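Trainee: Below is one structure. I have some questions about it.
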Amino acid sequence: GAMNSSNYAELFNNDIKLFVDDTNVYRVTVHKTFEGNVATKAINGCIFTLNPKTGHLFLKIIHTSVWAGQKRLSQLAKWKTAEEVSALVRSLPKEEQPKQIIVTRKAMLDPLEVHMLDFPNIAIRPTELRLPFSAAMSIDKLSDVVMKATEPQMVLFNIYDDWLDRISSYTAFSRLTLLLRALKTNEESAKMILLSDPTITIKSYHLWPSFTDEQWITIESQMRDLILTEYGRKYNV
Amino acid sequence: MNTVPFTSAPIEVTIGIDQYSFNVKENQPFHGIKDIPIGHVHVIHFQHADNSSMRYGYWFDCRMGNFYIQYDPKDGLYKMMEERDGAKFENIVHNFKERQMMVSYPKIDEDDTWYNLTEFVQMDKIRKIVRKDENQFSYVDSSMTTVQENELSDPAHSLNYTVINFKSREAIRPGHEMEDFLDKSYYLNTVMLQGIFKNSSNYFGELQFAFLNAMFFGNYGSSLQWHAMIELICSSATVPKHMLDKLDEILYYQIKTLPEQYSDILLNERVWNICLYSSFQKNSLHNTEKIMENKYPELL
C-alpha cells in the first residue's frame with residue numbers, strides 16, 4: 001500500500017527498500033528559435049535511487065543521447081527510468097535486492113511494474129509523502145557529475161556522508177529531507193547557510209560540510225527558519 | 001421449431017428465454033416454451049418471487065437433444081434435464097401443445113436482436129467455459145466466480161474464461177516492455193487470436209457470452225471479462241479491418257439491449273471512455289459511439 005505519515009518508521013527497519021525519484025531524468029531548457037517559435041534543448045539528467053536506511057545512493061546519469069530521435073520524451077523518460085531501475089536490481093546480488101521500491105511519483109508505478117515482472121516478490125509502492133528529492137541537483141557534487149558526463153554512467157555516493165557513525169537512520173533521513181526541502185524552497189539562502197563559514201569544509205569523499213554535532217543543530221534551526229519564512233511569503237500568512 | 005416442456009411450476013418465478021420473460025404463479029399450469037428458433041444457442045433463466053437474488057439459468061442448443069425443466073423441491077430450483085426417449089418426449093410435447101399450456105417464443109420477424117447477440121456463440125465453446133461434461137446444457141448463476149477471480153474457491157463451479165492480464169509476462173515481451181504495454185497488438189494478434197482463440201470468431205463468441213452472462217445473471221466476473229476483451233482490441237494499434245467493423249456491430253446490439261436502469265454497474269466508465277475517446281480505435285466504433293452518447297451520456 002501507499003507510504004504516508006502513519007507507516008513512516010517502516011523506512012528504517014531491516015527490509016531492504018529503495019526510493020526512486022524520476023523528476024530529474026528528462027531536463028530541458030526552453031528557448032526561442034530564429035523564426036520565433038519555441039524549442040527545447042535537453043541537458044543531462046539522472047535517476048535518484050536511494051536506500052533510506054543506509055544512505056546508499058545509486059545515481060544513474062541519463063545522457064542527452066538517450067533522447068536522440070525519440071518522440072513523446074516525457075512519457076519515454078518514465079520507461080527509461082523503470083528500465084534502468086530494473087537493470088540495477090538485476091545487477092545486485094540476491095541478498096542485496098530490495099523487497100520494496102517506493103516511487104515518488106505515481107506515474108512511475110505502471111512502467112516499473114511492467115519492467116519488474118520478473119521480480120513478482122518485489123513490491124512497487126506509491127507514497128503520499130511530498131519528498132524533496134527533486135532538489136538533488138542542488139547538491140553541487142551531484143550536479144557536477146551529471147553535467148560533466150559524456151556517456152551513460154552510474155555513480156555511487158552515500159548521501160549521509162558519515163552521519164550514521166553518530167546518528168540513526170531516522171535522524172539522518174530527517175536531516176537529509178530538511179536540507180533538501182530548504183534547497184528546494186530557496187536554493188540561494190539554503191546554500192548560503194551551508195557555506196557561510198569558510199572554516200567548515202566538505203571532505204573530498206563527502207557531499208556536505210563536516211559540521212560538529214552542535215553546528216548541525218544551528219544549521220538545522222537555520223533551515224527550519226528558512227522554510228517557514230518562505231511559506232509566509234508564498235501564502236501571505 | 002423446437003420445444004422445452006416443463007413438468008410443472010410449483011413456485012412463483014419469473015422465467016426468461018433469451019431476451020423475453022414471463023411471470024408464472026405458484027402452481028400455475030405452465031408447461032413449457034414452444035416455437036424456439038433452431039440455429040442459435042438459447043438461455044432459459046429463473047428468478048424466484050421470494051429470492052430476487054441468485055438469478056440462474058441454462059444455456060442450450062435444441063439440435064443437441066430434447067431438453068425439459070423440472071422443479072426439484074430438495075435443491076429448490078428449476079433444473080434442466082435431457083430426455084433420451086425420443087418417443088416419450090414428442091408424446092409429452094404433443095399433449096401439452098394440444099392442451100395449449102405452452103407459451104410461444106415471441107419473435108418478431110423483423111427482429112435480428114438474438115442473432116446479433118449470439119452470432120459467434122457456439123454451444124461447444126460454452127461447455128469449455130462451463131465444464132460439466134455429463135450434460136449437454138450449461139448452468140450459470142449470479143454468484144459463480146471466474147478462474148481469474150479465483151486466482152486473486154471451488155473449481156468445479158467456475159467460469160473458465162480466457163485469462164487476460166495487461167501486466168503479465170504473457171502480455172509483455174521482454175525488451176518490448178513499453179511498446180507492448182502501450183500497443184497491445186502483439187498480445188491481441190499473436191498470443192490471443194493466433195495462439196489461444198485461433199480465430200476472431202471464437203474470440204467474439206467468448207466476448208458475447210460474457211456479456212450475456214453479465215446481463216442475464218448480473219455475473220460480475222463476466223462483466224469484467226467482457227470489458228477486458230473490448231479493451232484489448234481497442235488498445236491495439238493494429239487490428240484487422242473486419243474485426244473492427246464486426247466489433248462495432250457486436251457492441252451496438254449489446255448496448256442497445258441492456259436494461260436502461262443497469263448502466264451503472266454493467267458499464268465500466270474508464271474502459272468505455274478510453275475505448276471510445278482515447279484509444280487507437282476511438283474512430284472505429286461509430287455506431288457504438290453514437291448509441292452510447294444518445295442513451296448514456298452521463299457515463300461519458
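Chain lettering (A, B, ...) mirrors the order of the C-alpha cells, residue numbering begins at 1 for each chain separately, and ligand numbering begins at 1 in order of display.
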Restrict the distance test to only C-alpha atoms, flag each residue of chain B within 8 Å of chain A, and return the flagged residues as a ChimeraX atom specification.
Mentor: /B:167-169,172,177-178,181
Trainee: What's around residue A:162 at 12 Å? Count only C-alpha atoms, leave out sequence neighbours fewer than 6 positions away in its own chain, and write the answer as a list in words.
Mentor: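 Once the nearby chain positions are removed, what remains is residues 54, 55, 56, 168, 169, 172, 202, 203, 205, 206, 207, 208, 209, 210, 211 and 212 of chain A.
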Trainee: Run DSSP on the backbone and grab whatever in stretch 162-205 of chain A lands in helix (DSSP H, G or I); send it over as a ChimeraX atom specification.
Mentor: /A:163-165,169-185,187-195
Trainee: Just the selected residues (N, CA, C and O atoms), exported as a CSV table (one decimal), in the first residue's frame, please.
Mentor:
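Output (selection_31.csv):
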```csv
chain,number,residue,atom,x,y,z
A,163,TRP,N,27.4,10.4,8.7
A,163,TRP,CA,26.5,10.8,9.8
A,163,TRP,C,26.0,9.5,10.6
A,163,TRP,O,25.8,9.7,11.8
A,164,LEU,N,25.9,8.4,10.0
A,164,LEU,CA,25.4,7.2,10.6
A,164,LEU,C,26.4,6.6,11.7
A,164,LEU,O,26.0,5.8,12.5
A,165,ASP,N,27.7,7.1,11.7
A,165,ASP,CA,28.6,6.8,12.8
A,165,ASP,C,28.1,7.5,14.1
A,165,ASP,O,28.6,7.1,15.1
A,169,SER,N,19.4,6.2,11.3
A,169,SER,CA,18.8,6.4,10.0
A,169,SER,C,17.6,7.3,10.0
A,169,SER,O,17.5,8.2,9.2
A,170,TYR,N,16.7,7.2,11.0
A,170,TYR,CA,15.6,8.0,11.1
A,170,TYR,C,16.1,9.5,11.2
A,170,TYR,O,15.5,10.4,10.5
A,171,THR,N,17.0,9.7,12.0
A,171,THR,CA,17.5,11.1,12.2
A,171,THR,C,18.2,11.6,11.0
A,171,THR,O,18.1,12.7,10.5
A,172,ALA,N,19.0,10.7,10.4
A,172,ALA,CA,19.8,11.0,9.2
A,172,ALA,C,18.8,11.4,8.0
A,172,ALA,O,19.0,12.5,7.4
A,173,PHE,N,17.8,10.6,7.8
A,173,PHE,CA,16.8,10.9,6.7
A,173,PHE,C,16.1,12.2,7.0
A,173,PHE,O,15.7,12.9,6.1
A,174,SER,N,15.7,12.5,8.3
A,174,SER,CA,15.0,13.7,8.6
A,174,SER,C,16.0,14.9,8.3
A,174,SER,O,15.5,16.0,7.9
A,175,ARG,N,17.3,14.8,8.7
A,175,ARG,CA,18.2,15.8,8.3
A,175,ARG,C,18.3,16.0,6.8
A,175,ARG,O,18.2,17.1,6.2
A,176,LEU,N,18.4,14.9,6.0
A,176,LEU,CA,18.5,15.0,4.6
A,176,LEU,C,17.3,15.7,4.0
A,176,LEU,O,17.4,16.6,3.2
A,177,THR,N,16.1,15.2,4.4
A,177,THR,CA,14.9,15.8,3.8
A,177,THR,C,14.8,17.2,4.2
A,177,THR,O,14.2,18.0,3.5
A,178,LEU,N,15.2,17.6,5.4
A,178,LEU,CA,15.1,19.0,5.7
A,178,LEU,C,16.1,19.9,4.9
A,178,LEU,O,15.7,21.0,4.4
A,179,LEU,N,17.3,19.5,4.8
A,179,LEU,CA,18.3,20.2,3.9
A,179,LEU,C,17.7,20.3,2.5
A,179,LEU,O,17.8,21.3,1.8
A,180,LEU,N,17.2,19.2,1.9
A,180,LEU,CA,16.7,19.3,0.6
A,180,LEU,C,15.4,20.1,0.4
A,180,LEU,O,15.2,20.8,-0.5
A,181,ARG,N,14.5,20.0,1.4
A,181,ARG,CA,13.3,20.9,1.4
A,181,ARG,C,13.7,22.3,1.4
A,181,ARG,O,13.1,23.1,0.7
A,182,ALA,N,14.8,22.7,2.1
A,182,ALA,CA,15.3,24.1,2.1
A,182,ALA,C,15.9,24.5,0.8
A,182,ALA,O,15.6,25.6,0.3
A,183,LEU,N,16.7,23.6,0.3
A,183,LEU,CA,17.3,23.9,-1.1
A,183,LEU,C,16.2,24.1,-2.1
A,183,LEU,O,16.4,24.9,-3.0
A,184,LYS,N,15.2,23.3,-2.0
A,184,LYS,CA,14.1,23.4,-3.0
A,184,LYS,C,13.3,24.7,-2.8
A,184,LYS,O,12.9,25.3,-3.9
A,185,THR,N,13.0,25.2,-1.6
A,185,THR,CA,12.2,26.4,-1.4
A,185,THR,C,12.9,27.7,-1.7
A,185,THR,O,12.3,28.7,-2.1
A,187,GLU,N,16.9,28.1,-2.9
A,187,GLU,CA,18.2,27.5,-3.1
A,187,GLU,C,19.3,28.4,-2.6
A,187,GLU,O,20.3,28.0,-2.0
A,188,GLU,N,19.2,29.7,-3.0
A,188,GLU,CA,20.3,30.6,-2.7
A,188,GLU,C,20.6,30.8,-1.2
A,188,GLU,O,21.7,30.7,-0.7
A,189,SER,N,19.5,31.1,-0.4
A,189,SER,CA,19.6,31.1,1.0
A,189,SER,C,20.1,29.8,1.6
A,189,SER,O,21.0,29.8,2.4
A,190,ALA,N,19.5,28.7,1.2
A,190,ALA,CA,19.9,27.4,1.8
A,190,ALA,C,21.4,27.2,1.6
A,190,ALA,O,22.1,26.9,2.5
A,191,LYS,N,21.9,27.5,0.4
A,191,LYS,CA,23.3,27.3,0.1
A,191,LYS,C,24.1,28.3,0.9
A,191,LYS,O,25.2,28.0,1.3
A,192,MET,N,23.6,29.5,1.1
A,192,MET,CA,24.4,30.5,1.9
A,192,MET,C,24.6,29.9,3.3
A,192,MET,O,25.7,30.0,3.9
A,193,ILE,N,23.5,29.4,3.9
A,193,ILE,CA,23.6,28.8,5.2
A,193,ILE,C,24.7,27.8,5.3
A,193,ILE,O,25.4,27.7,6.4
A,194,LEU,N,24.8,26.9,4.3
A,194,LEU,CA,25.7,25.8,4.4
A,194,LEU,C,27.2,26.1,4.3
A,194,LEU,O,28.0,25.4,4.8
A,195,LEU,N,27.5,27.2,3.7
A,195,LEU,CA,28.9,27.5,3.4
A,195,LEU,C,29.4,28.8,4.0
A,195,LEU,O,30.6,29.1,3.9
```
Trainee: Which residue gives the smallest distance to residue A:224 among A:186, A:151, A:85, A:143, with only C-alpha atoms counted?
Mentor: A:186
Trainee: Which of chain A counts as strand (DSSP E or B) under DSSP, as a count of residues only please?
Mentor: 45
Trainee: Show me, as a PDB file with N, CA and C atoms, in the first residue's frame, the residues that have an atom within 8 Å of stretch 145-147 of chain A when counting only C-alpha atoms, minus same-chain residues fewer than 2 positions from it.
Mentor:
```
ATOM      1  N   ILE A  43      19.278  18.721 -21.484  1.00  0.00           N
ATOM      2  CA  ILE A  43      20.544  18.584 -20.774  1.00  0.00           C
ATOM      3  C   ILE A  43      20.577  17.244 -20.051  1.00  0.00           C
ATOM      4  N   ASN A  44      21.763  16.895 -19.554  1.00  0.00           N
ATOM      5  CA  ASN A  44      21.934  15.600 -18.915  1.00  0.00           C
ATOM      6  C   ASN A  44      21.076  15.514 -17.662  1.00  0.00           C
ATOM      7  N   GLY A  45      20.504  14.350 -17.443  1.00  0.00           N
ATOM      8  CA  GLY A  45      19.688  14.150 -16.224  1.00  0.00           C
ATOM      9  C   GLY A  45      20.145  12.999 -15.372  1.00  0.00           C
ATOM     10  N   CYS A  46      19.328  12.546 -14.403  1.00  0.00           N
ATOM     11  CA  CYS A  46      19.753  11.460 -13.539  1.00  0.00           C
ATOM     12  C   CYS A  46      18.517  10.817 -12.924  1.00  0.00           C
ATOM     13  N   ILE A  61      23.192   8.331 -14.344  1.00  0.00           N
ATOM     14  CA  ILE A  61      23.227   9.531 -15.174  1.00  0.00           C
ATOM     15  C   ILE A  61      22.609   9.235 -16.540  1.00  0.00           C
ATOM     16  N   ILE A  62      21.700  10.113 -16.966  1.00  0.00           N
ATOM     17  CA  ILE A  62      20.931   9.960 -18.193  1.00  0.00           C
ATOM     18  C   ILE A  62      21.509  10.978 -19.165  1.00  0.00           C
ATOM     19  N   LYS A 141      28.116  18.601  -5.806  1.00  0.00           N
ATOM     20  CA  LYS A 141      28.844  17.461  -6.351  1.00  0.00           C
ATOM     21  C   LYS A 141      27.954  16.563  -7.231  1.00  0.00           C
ATOM     22  N   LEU A 142      26.656  16.442  -6.931  1.00  0.00           N
ATOM     23  CA  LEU A 142      25.796  15.623  -7.794  1.00  0.00           C
ATOM     24  C   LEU A 142      25.544  16.336  -9.125  1.00  0.00           C
ATOM     25  N   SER A 143      25.215  17.622  -9.063  1.00  0.00           N
ATOM     26  CA  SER A 143      25.035  18.396 -10.279  1.00  0.00           C
ATOM     27  C   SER A 143      26.279  18.349 -11.162  1.00  0.00           C
ATOM     28  N   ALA A 149      29.080  14.471 -17.484  1.00  0.00           N
ATOM     29  CA  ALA A 149      29.069  13.152 -18.109  1.00  0.00           C
ATOM     30  C   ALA A 149      29.023  13.264 -19.632  1.00  0.00           C
TER      31      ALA A 149
END
```
Trainee: Looking at only C-alpha atoms, which of B:284, B:223, B:165, B:118 is the one that sits closest to residue B:18?
Mentor: B:118
